[PDB]
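Structure first, commentary second.
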Amino acid sequence: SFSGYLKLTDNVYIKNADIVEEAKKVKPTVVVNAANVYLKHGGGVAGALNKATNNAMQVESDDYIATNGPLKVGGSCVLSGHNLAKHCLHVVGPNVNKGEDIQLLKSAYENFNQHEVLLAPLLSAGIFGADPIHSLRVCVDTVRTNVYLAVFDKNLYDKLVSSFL
Ligand SMILES: NC(=O)c1c[nH]c(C2CC2)n1
Ligand SMILES: [Cl-]
């Protein structure tokens, strides 16, 4: 199963790891993608996960959007996990850089509660522009299911662990 994770709370775990490599190794039931409303997996975690699927995630996502329209900020959809996981839970955290509402981060993390265990990134962190310390706090205070957070950046991982209340 998941290895080398530091236990933050009863249900939240964290590791300095590339979520793509964690997914290829563990093959979890659910890998969370840091999606946007259009499921356009260009960069950040989404670009990395999509590149690992050889663009199959993007092809599937475009068909999903053609049928259903865009997701809501704070919303999610379950699609295939391709070669990475059984499922991919595409969750849209607010992108502060695109001027979206940071109050929607709690709604975004609530999607994780529909799955007993997930491999996930820190929502709205990185190129989404939110404070990762705040994202981890919202995660621990919102998610009740077992979440294994893979934080790519070593310096951020150390900062998150050392400042965790
Ligand atoms: N942006 C990220 O959080 C992230 C995680 N994994 C990767 C892969 C190296 C491309 N990027
Ligand atoms: Cl990012």
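The residues of the chain are indexed from 1 along the displayed sequence. These values consider heavy atoms only, across backbone and side chains, with no hydrogens, waters or symmetry-generated copies.
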Where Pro132 and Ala125 come nearest, the two heavy atoms and their spacing: CB-CB, 4.2 Å

Between CG on residue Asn11 and OG1 on residue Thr9, distance to nearest 0.5 Å: 4.0 Å

Within-4.5 Å side-chain heavy-atom neighbours: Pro28 and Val117: no

Minimum side-chain heavy-atom gap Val151-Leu136 below 4.5 Å: no

Atom pair CG/CG of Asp62 and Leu39 - distance to nearest 0.5 Å: 8.5 Å

Heavy atoms from other residues, nucleotides or ligands near NZ of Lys7 exceed 12 (cutoff 6.0 Å): yes

Hydrophobic cluster membership, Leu149 vs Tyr13, 4.5 Å side-chain cutoff: no

ring-ring contact (aromatic ring centres under 6.0 Å, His included) pairs, two or more places apart, involving residues 93-112: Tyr109-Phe112

From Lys106 atom NZ to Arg137 atom CZ, the distance as rounded to the nearest 0.5 Å: 10.0 Å

Single-linkage hydrophobic cluster, 4.5 Å side-chain cutoff, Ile65 and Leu89 together: no

Donor-acceptor under 3.5 Å (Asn97 side chain, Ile127 main chain): yes

Within one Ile-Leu-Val-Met-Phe-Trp-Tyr cluster: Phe152 and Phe164, side-chain cutoff 4.5 Å: no

Donor-acceptor contact below 3.5 Å, side chain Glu100 vs main chain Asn95: yes

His41 side, atom NE2; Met57 side, atom CE - distance, nearest 0.5 Å: 6.0 Å

ILVMFWY cluster, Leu119 and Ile14 together (side-chain gap under 4.5 Å): no

Beyond-backbone contact of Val31 with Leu118, side-chain heavy atoms, under 4.5 angstrom: no

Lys159 atom NZ: more than 12 heavy-atom contacts under 6.0 Å: no

Closest non-hydrogen atom pair, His90 against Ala35: CB-CB, 3.8 Å

Polar side-chain atom of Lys24 near backbone of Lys27 as donor-acceptor pair, under 3.5 Å: no

For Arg144 against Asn113, the heavy-atom pair lying closest together: N-OD1, 2.7 Å

Partner set under ring-ring contact (aromatic ring centres under 6.0 Å, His included) for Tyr5, not counting sequence neighbours: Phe2, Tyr148

Heavy-atom pair with the smallest gap, counting every atom of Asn50 and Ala56: OD1-N, 4.2 Å

Transitive ILVMFWY side-chain link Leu105 to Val147, under 4.5 Å: yes

Point-to-point distance, once rounded to the nearest 0.5 Å, from NE2 of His82 to CG of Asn54: 11.0 Å

Output a table of donor-acceptor pairs, distance under 3.5 Å, between side-chain atoms of residues 67-78 and any protein atom two or more places apart or on a different chain; print 'none' if there are none.
unit_1, atom_1, unit_2, atom_2, d
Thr67, OG1, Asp63, O, 3.3
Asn68, ND2, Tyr64, O, 3.1
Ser76, OG, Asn111, OD1, 2.8

Distance, nearest 0.5 Å, that separates CG of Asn83 from CG of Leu49: 10.0 Å

Considering all heavy atoms, the nearest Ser61-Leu79 contact: OG-CD1, 4.0 Å

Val26 side chain near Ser1 side chain, heavy-atom distance below 4.5 Å: no

Short side-chain to backbone donor-acceptor contact, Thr29 and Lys86, under 3.5 Å: no

Full working for side-chain contact (heavy atoms from CB on, under 4.5 Å) between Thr53 and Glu60: CA-CA 11 Å; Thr53 73; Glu60 177 199 29; over 6 Å; no

Exercise: identify the closest heavy-atom pair between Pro94 and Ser124: O-OG, 2.8 Å

Side chain proximity check, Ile133 to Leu160, heavy atoms < 4.5 angstrom: yes

